[PDB]
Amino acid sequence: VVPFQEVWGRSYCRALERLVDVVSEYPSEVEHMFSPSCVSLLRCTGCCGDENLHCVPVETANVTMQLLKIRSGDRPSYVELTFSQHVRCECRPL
C-alpha cells in the first residue's frame, strides 16, 4: 500500500518525464522525420490540490540530445538538438 503522503507527493506538482514529439520542439522541421521521433523531457504536471490551480515551471534548464534525421532521399544526418527541461514546479492560479 502506497502511504497517503507518497500518493500526495506523486500527483501534486512536479517535473515528470513525458514523451514529447521532436516536431513539437522543432516545428520548422516539417519535411522530415527525426529518429527517434519523440524524446523524453521533464515537464511540470499535477493536480495541485485544487482544480483551479495548475502546475507550472518556475526554474528551467537546457539539455542537448543526439538524434538522427533520416531524409526524403538526400542521405541521413546526425544532429544535436537542444530542448528545455523543467527543473522546479509550482502551483499558480489558472
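When you see a residue number, it is the position in the sequence shown, counting from 1.
> Tell me which stretch, 37-45 or 64-72, has the higher mean Cα B-factor listed in the entry.
Between 64-72 and 37-45, it is 64-72.
> Per the entry, where is the mean C-alpha temperature factor higher: 10-18 or 73-81?
That would be 73-81.
> Would the CA B-factor of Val30 place it in the lowest, middle or highest third of its chain?
It belongs to the highest third of the chain when residues are ordered by C-alpha B-factor.
> Lowest, middle or highest third: where is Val56 by C-alpha B factor in its chain?
It falls in the bottom third of the chain.
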